[PDB]
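Taken one at a time, structure 1 and structure 2 that follow are two forms of one protein chain, written as structure tokens.
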Structure 1
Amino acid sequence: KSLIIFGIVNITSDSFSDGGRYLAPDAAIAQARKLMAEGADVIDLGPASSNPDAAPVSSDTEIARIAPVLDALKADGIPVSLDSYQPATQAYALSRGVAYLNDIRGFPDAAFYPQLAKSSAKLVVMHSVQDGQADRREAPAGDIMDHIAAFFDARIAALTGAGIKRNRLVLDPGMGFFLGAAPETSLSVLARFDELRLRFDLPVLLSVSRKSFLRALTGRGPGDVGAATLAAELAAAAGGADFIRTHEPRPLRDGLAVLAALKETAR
């Protein structure tokens, strides 16, 4: 009911973590506890780097990396959304009882749906314009919201028809590179994602934190978009976003507390 914050943790290496661009399972564990301490409700755990330029590791490598992280978060009572598009990793994560699966491919392979149907984990179904084609960087001609709605029309039908109950679904319309090169495309979705909540009567997750289009609206480099991110997340929250996936839970937590305190005053 209240905004749920996903804290981003991406395991980047098998054994060497240096507190910068390299994250190992031991230190992934410390980052997860730190993000919960800063106000996250869930750790959105990625078994590999987010950048498409790194060599994609195997489902076997993803499982080996997340296995010790899942043991300790389960011990801590720390909820996990397992962020992987690889079905063998998804199946392993479901066997460990994760709270969510988060698939940047949006669960496109119907042969896998019986395994999704027999679990209770919630599914973050993400839209992208790539849809499996790295070369495809834009949606088809027309209104981006029209194409996203039509994507979810078809995919929700496929998933729920296979027995995945619709109240397990969380809709992620995509953001930044998953929508197109132009900042206007991401701004349209950030402004209009509640059209999807209303169309489907389903919750929406957004991930805007540190996305490149924010740097276009500010003119600053990578380590200076903290305020633009907070403003974008607060605007999403005020627009009714049910989940926000972020790198820095504390500024968002603090900002939300101010907004909550203001509306409670005007009641």
Structure 2
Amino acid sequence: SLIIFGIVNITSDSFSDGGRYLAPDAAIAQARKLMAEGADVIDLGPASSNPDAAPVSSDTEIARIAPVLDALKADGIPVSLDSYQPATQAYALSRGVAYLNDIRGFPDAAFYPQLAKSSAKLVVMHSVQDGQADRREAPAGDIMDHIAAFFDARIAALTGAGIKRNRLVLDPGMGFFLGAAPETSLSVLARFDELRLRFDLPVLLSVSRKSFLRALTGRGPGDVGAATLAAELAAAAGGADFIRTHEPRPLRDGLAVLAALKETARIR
């Protein structure tokens, strides 16, 4: 099927909604709203990773997420922790989160023993930065080759340390995580099924509100809802297993139309 991650940024400067859900009550309120609007999982991010973002200590990330995890765990709301800091990831594992979402793709082998002892699923993201986004360009050649080579090595490293293959979800990266050229993001949005087929693992895409959509439409920062929906539905039609989005309700409505079209056309 398709699992929707609803983005809740507990940050002062996330690129499209910084500050909004900084207070734990604001983040909790948004998380519950997003679940009612169609999210299946709340992707909780205590620090921005956009190009102009500023990092914070793991102590601060934990202080930002701790009351929110308390509430969502009591609420029975599944949580993915969007953090690249191993100390924050370790805290989340001790609270029993459903997923870890690492924009660095779990590159720290010293943390692998702790990853292996947990049941949490792991969203392993590829980036050309191997970290916080920036505006460099992607390597020359076929971007899908570069992404597959990354996942080949990182999956072998993770599974070699006792993280079971079926815990893994693959995110090829999107937007500035793929470099400054919108063509690179469009290639990955068009061709991520090559990753699903090669690795026989689910794929997660996060196109929501990313800058390459503004470049295609000629539009300003708060004007990218329609382009986002079109890109998300194209990802769904391409077979995406997870979509991480700021606005699950338009996505849910669009998926309802596409699913009903599919069922209606079936000859069985």
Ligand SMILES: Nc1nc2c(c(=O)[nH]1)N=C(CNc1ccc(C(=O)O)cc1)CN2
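The first residue in the sequence of structure 1 is number 1, and each one after it adds one. Here, rigid core means the biggest group of C-alpha atoms that superpose within 1.5 Å across both forms.
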Quick one, which of these two is the form deposited without the named molecule?
1
Go through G240, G221, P52, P68 and flag the only one whose CA is off by 2 Å or more between structures 1 and 2, rigid core held fixed.
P52
Core-aligned, is the CA shift for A139 between structures 1 and 2 2 angstroms or more?
yes
Honestly, after the rigid core fit, is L252 moving at least 2 Å at Cα between structures 1 and 2?
no
Does superposing the core leave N10 with a CA shift of 2 Å or more between structures 1 and 2?
no
Rigid core superposed, the C-alpha shift at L198 between structures 1 and 2 in Å:
0.6
Determine, in Å, the CA shift of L23 between structures 1 and 2 after the rigid core is used for superposition.
2.4
